[PDB]
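**Student:** Dropping in the first section of the assembly, placed as in the complex:
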Amino acid sequence: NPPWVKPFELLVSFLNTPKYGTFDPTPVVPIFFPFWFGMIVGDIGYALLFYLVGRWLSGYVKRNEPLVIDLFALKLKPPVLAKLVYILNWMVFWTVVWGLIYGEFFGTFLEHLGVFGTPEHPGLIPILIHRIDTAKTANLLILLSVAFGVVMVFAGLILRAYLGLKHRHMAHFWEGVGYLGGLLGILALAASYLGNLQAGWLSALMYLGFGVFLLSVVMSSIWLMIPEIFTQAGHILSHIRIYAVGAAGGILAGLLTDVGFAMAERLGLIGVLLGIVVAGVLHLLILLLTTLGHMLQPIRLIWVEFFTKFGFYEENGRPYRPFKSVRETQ
Amino acid sequence: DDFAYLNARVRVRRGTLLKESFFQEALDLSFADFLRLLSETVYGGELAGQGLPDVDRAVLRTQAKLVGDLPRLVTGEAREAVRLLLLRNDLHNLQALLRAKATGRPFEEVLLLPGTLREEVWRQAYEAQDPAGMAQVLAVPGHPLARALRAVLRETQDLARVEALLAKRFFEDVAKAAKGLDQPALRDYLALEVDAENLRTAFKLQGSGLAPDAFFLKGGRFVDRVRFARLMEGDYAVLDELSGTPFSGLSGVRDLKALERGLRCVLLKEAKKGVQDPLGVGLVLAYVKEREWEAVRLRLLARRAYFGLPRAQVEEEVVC
Amino acid sequence: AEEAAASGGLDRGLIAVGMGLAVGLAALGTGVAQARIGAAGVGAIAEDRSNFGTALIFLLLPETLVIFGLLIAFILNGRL
Amino acid sequence: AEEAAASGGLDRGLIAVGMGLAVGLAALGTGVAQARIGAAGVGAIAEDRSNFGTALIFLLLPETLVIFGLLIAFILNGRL
Amino acid sequence: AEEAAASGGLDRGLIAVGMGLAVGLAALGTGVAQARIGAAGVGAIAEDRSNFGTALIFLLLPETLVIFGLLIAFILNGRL
């Protein structure tokens, strides 16, 4: 299938080349994909209009100045460079298309009379009411993202340990195994906050035997950065805080469209349909600019793990090239 | 950022500036005894050999460890400021490096030093033969001679002309930044230093074969591009219309020695009042100027002492 | 606060007072951080036109503090 | 919502004041953020008059935080 | 708010507090940023007298924030 096989084909040159006992950076691309696709989840005013933006890059229009015949690789970028990122352009298209579907996902909780009391067809324009303005409905989608972050923490920490296993370097080995002790304690404390009255007495007692696992083989490794374990927990907190912003900020972009493409004038009567566009034109571009900032959250997510050592080459230089230059063509 | 620690280190180092009474006792000395006198002070901890070139190198080693590490020991707004004073010596260093590259002669017989541009940067530049390689090496620290260079070198690659234009663009950029740090002592120092530079530059670079208006610079008083050309042809009638300067009394004088003495002594006193704003770059600005003028003076005395030149040939200069 | 006229009670109001400090201080810092990167950055974007984009990204990067204060405040009012 | 104690209830008023702190702080910080970007902006026109657009889009970025907050407060206190 | 301030409401008062932040921050930040351009501006006119005008269009740019406060102002007036 084009979505996985096409970028997967370029990862084949790096399959062939290993430089450590950690497994080659092939899993990275499907870890990237959910969060990347999931960055567009807006409504009528954002996600469902995004269609136009995808078609420019993977297709060819005249609308933008340096883009003429993309088929001859004409871009801002050099003609060759544009040919190199055809693969990416296709994946940008899949990203925009998965963004349109998560617009219809979005209108499951913002339209139909089978899911909420909101009209199945409004008398003005679809997405006249927002019901993702209720704290709890919005929260559950946040907590869904947070979980994917716990998984990525596990994925990295197995990879951290594997490096010393097949490279035969004990220091890294000891660090990857000991840190997973910390994970039992992350999951305990979390259960008590995610379900609320789930633990709190079954993770105050058990927490204590979970903390000893955390440092037990870390002390064989020695480690004369004892405080630095605050920052290792922090790294966990950074994957949570980034998936969270990707969720919350996702819904938030759409809730600004509440006074943008629906209703913000009169009494909310039928005439707002042809009055709202007054505001629409202004918000649109402002919104566009800030959601480009939201698509940088993926590569910021990779950099916590990639560039701060959790099974990967990067951390203070080192052989192999940054994941940014790798995904750039893929 | 941060000048607190830097300023504190620089005050302690003042404790070892060479006093006026040094240079009084020194005039009565020959070369062997000056060296015995010199070795007591802090330049003395880097003094080597009984040859004159070995003394010159001993001055350089002192300057390296006490002035050239100073941009490195601080960052942010502080580094930019310390840099701006050091840039002017980097400009002597670049001109010499560039000339060794263009005329195909060794790396050697240049005067380098470390600061913003380190010893290895200059070595890298020499080793990047292509003008484009050269241009990118220099862009690495991002320093204002780079940005002046990028603009300048596109127009023309004629060596003497690259230097001249590199100086004017480099000074237009500097004048703004130094006025812009909003320290009154530095701004007063800057207006006179500039007025002084325009005058001095015309005397040195007459007969080069270049334009007059490729040696003018931003901060200039009554002086203009037309007057600079007047001076470069050799007319001192520009000075009798020049006024408001405290340099106004060096007007009417043709004698080279007497003019340069007067410019230099004013700038010395001007900088010394930089301690009335010790905050910020004041204290380091004062320090750099006093340590340069002591090194010049070490060199004037040594030569006078070795070769049997008159006491009065340097006694007049050492007391302003 | 996601709900601050869609739910009433003095209880909801207290939550907004405490949370309001968080998003507001976070908004102050983010704006300033960007401004500082932005003053410095003009020299880099000007000279390297093959590296202006590193500078743009760096201005963006402090955003994560402001949006986190806003979200935690949004979730907590109208309850989780 | 709005503060009221003689036109509506106290319950609404408590929420309004709490949400106001946030705009309150943010207004302070964008004002400060404005100084630094204004300093920087003249160099961009000075060096490259021809490439004005890159400088305006930069200048635009801290302005967004305050305007965005104002719009957030309009959605919340426009219902009641 | 709603035209009344001699018989006005505690509601009207809340809008006035929120409104005071908008125009006030915009003025503070705009005043300072514009002045920074002008300050730079003595150097700017000096260097290039011919393109004094570009420096001026930049100095007018932080005004957009000021107009924005007024625009909020207009909508919010006549209500609550």
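**Tutor:** Arrived safely, thanks for sending. Numbers count the residues shown, from 1 in each chain, chains lettered A, B, ... in the order given.
**Student:** Where does residue A:239 fall, secondary structure wise?
**Tutor:** According to DSSP states H and E, residue A:239 maps onto helix A:229-255.
**Student:** and that helix with chain C, contact?
**Tutor:** Yes. Using CB under 8 Å from any CB of the partner chain, we find that helix A:229-255 touches chain C at A:241, A:242, A:244, A:245, A:248, A:249, A:252. For the C-beta atoms, the positions are set from N, CA and C on the backbone; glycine is no exception.
**Student:** what's the closest non-adjacent residue to the third one?
**Tutor:** I take that to be residue A:244. Closest residue in space to residue A:244, ignoring its immediate chain neighbours: residue A:142 at 5.7 Å, by CB to CB, 6 or more residues apart in numbering or on different chains.
**Student:** Can you name the residue of the stretch 1-150 of chain B nearest to chain C?
**Tutor:** Sorted by distance to chain C under CB to the nearest CB, the residues of the stretch 1-150 of chain B start with residue B:147, at 5.1 Å.
**Student:** can you tell me the residue of chain B closest to chain D?
**Tutor:** Using CB to the nearest CB, residue B:147 is the residue of chain B that sits closest to chain D, at 8.0 Å.
**Student:** Can you tell me how far the closest residue to that residue other than its chain neighbours is from chain E?
**Tutor:** Excluding its sequence neighbours, the residue lying closest to residue B:147 (CB to CB, 6+ apart) is residue C:47, at 5.1 Å. Distance, residue C:47 to chain E, using CB to the nearest CB, to the nearest Å: 18 Å.
**Student:** mind listing what residue C:47 touches?
**Tutor:** Residue C:47 makes contact with B:139, B:142, B:146, B:147, B:150, according to CB atoms under 8 Å, 6 or more residues apart in numbering or on different chains.
**Student:** Assign the nearest residue to residue A:19 once chain neighbours are set aside to helix, strand or coil.
**Tutor:** Nearest residue to residue A:19, sequence neighbours excluded (CB to CB, 6+ apart): residue A:319, at 5.7 Å. At residue A:319, secondary structure determined by DSSP: H, G, I helix; E, B strand; the rest coil is coil.
**Student:** build in chain F:
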Amino acid sequence: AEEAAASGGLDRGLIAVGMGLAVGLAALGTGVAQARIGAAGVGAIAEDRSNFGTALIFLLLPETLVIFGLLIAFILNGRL
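**Tutor:** Chain F added:
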């Protein structure tokens, strides 16, 4: 409050405090702004005192923000 009613109460009092925030901010920013253009003025005299005139003309421009800010306060804290 009002700028003609010599007597009022609690309601009126909130508007008066709130519109009072705007003038305070405008005043803050004009004083800090005036300072920059003034620091800049020393250059103007020094380099070529023919550019002393220019410095004065920049310097008037931040005054507009405090006089403008007083207008916003004046209409709103005295409607009718």
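**Student:** buried set for the helix holding residue A:239?
**Tutor:** Buried residues in helix A:229-255, counting neighbours by 16 or more other CB atoms under 10 Å in any protein chain shown, are found at A:229, A:232, A:236, A:238-255.
**Student:** Same check on stretch B:245-263?
**Tutor:** B:245, B:247, B:250, B:259, B:260, B:262, B:263.
**Student:** Next, name the residue at the spatial heart of chain C.
**Tutor:** The residue lying closest to the centre of chain C (CA atoms, centre = their mean) is residue C:66, at 1.7 Å.
**Student:** Quick check: that residue touching residue C:33?
**Tutor:** No. Using CB atoms under 8 Å as the test, residue C:66 is too far from residue C:33 to be in contact (9.5 Å).
**Student:** Would you confirm that residue B:244 contacts residue B:251?
**Tutor:** No. Residue B:244 lies out of contact with residue B:251 (CB under 8 Å); the separation is 11.2 Å.
**Student:** helix/strand/coil for residue B:187?
**Tutor:** helix.
**Student:** can you count the residues close to it?
**Tutor:** Using other CB atoms under 10 Å in any protein chain shown, residue B:187 has 20 neighbouring residues.
**Student:** list the contacts for it?
**Tutor:** The contact partners of residue B:187, by CB under 8 Å, 6+ apart, come to B:178, B:179, F:42, F:43, F:46.
**Student:** Of those, which is the nearest to residue A:90?
**Tutor:** In terms of CB to CB, no member of the contacts of residue B:187 lies closer to residue A:90 than residue B:178, at 53.3 Å.
**Student:** remind me, longest helix of chain A?
**Tutor:** In terms of residue count, the longest helix belonging to chain A (DSSP state H) is helix A:135-167.
**Student:** which secondary structure elements does the very next helix or strand once past that helix contact?
**Tutor:** Note on helix A:135-167: by DSSP H and E, the next helix or strand toward the C-terminus is helix A:170-178. If you count contacts as 3 or more CB pairs under 8 Å, 6 or more residues apart in numbering or on different chains; DSSP states H and E, helix A:170-178 packs onto helix A:135-167, helix A:207-215.
**Student:** okay, chain G goes in next:
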Amino acid sequence: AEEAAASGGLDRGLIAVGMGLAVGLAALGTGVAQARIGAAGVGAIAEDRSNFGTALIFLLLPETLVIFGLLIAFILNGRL
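**Tutor:** So that you can see how it sits with the rest, here is chain G on the chains above:
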């Protein structure tokens, strides 16, 4: 009010709450602007006594802002 009786009103006292921000802030600002201008004056006396006149006109411009800040307060509170 006045130091003499027959003056004072609650609405006027309330404006006094808000307006106090202005006199303090305007005063801070007038002083800092004024001091920079004072720093220019050291240059004005040293270079040209004859053009001392530039410093005086300069020094007069920040004076507007405290005097103005003061003048609004006295009318709104101290009217009668």
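**Student:** Revisit the neighbour count of residue B:187 given that chain G is now included?
**Tutor:** There are 23 residues near residue B:187, going by other CB under 10 Å.
**Student:** try residue B:310
**Tutor:** 8.
**Student:** what secondary structure does it sit in?
**Tutor:** Classified using three-state DSSP, residue B:310 is coil.
**Student:** what residues does chain B put near chain E?
**Tutor:** Contact residues, chain B versus chain E (CB under 8 Å from any CB): B:172, B:175, B:176, B:179, B:180, B:218.
**Student:** Let me have those in a markdown table, extended by secondary structure and neighbour count.
**Tutor:** Formatted as a markdown table, the residues of chain B next to chain E follow (DSSP: H, G, I helix; E, B strand; the rest coil; neighbours: other CB atoms under 10 Å in any protein chain shown):
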| residue | secondary structure | neighbour count |
| --- | --- | --- |
| B:172 | helix | 17 |
| B:175 | helix | 23 |
| B:176 | helix | 21 |
| B:179 | helix | 24 |
| B:180 | coil | 16 |
| B:218 | coil | 18 |
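**Student:** Adding distance to residue B:83, write the residues you listed out as TSV.
**Tutor:** Listed next are the residues of chain B next to chain E as TSV, based on distance: CB to CB, whole Å:
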residue	distance to residue B:83
B:172	17
B:175	15
B:176	15
B:179	16
B:180	14
B:218	18
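**Student:** Closest residue of the stretch 201-320 of chain B to chain G?
**Tutor:** Closest point on the stretch 201-320 of chain B to chain G, by CB to the nearest CB, is residue B:244, at 6.4 Å.
**Student:** Please work out how many residues are found near the residue of chain C found nearest chain A.
**Tutor:** Chain A sits closest to residue C:78 of chain C, with a gap of 3.1 Å, by CB to the nearest CB. The number of residues packed near residue C:78 is 21, by other CB under 10 Å.
**Student:** Can you classify it by secondary structure?
**Tutor:** Secondary structure, three-state DSSP: residue C:78 is coil.
**Student:** quick one on the thing from earlier: so what's the residue nearest to the centre of chain C up against?
**Tutor:** Residue C:66 is in contact with C:23, C:26, C:27, C:29, C:30, C:31, D:65, counting by CB under 8 Å, 6+ apart.
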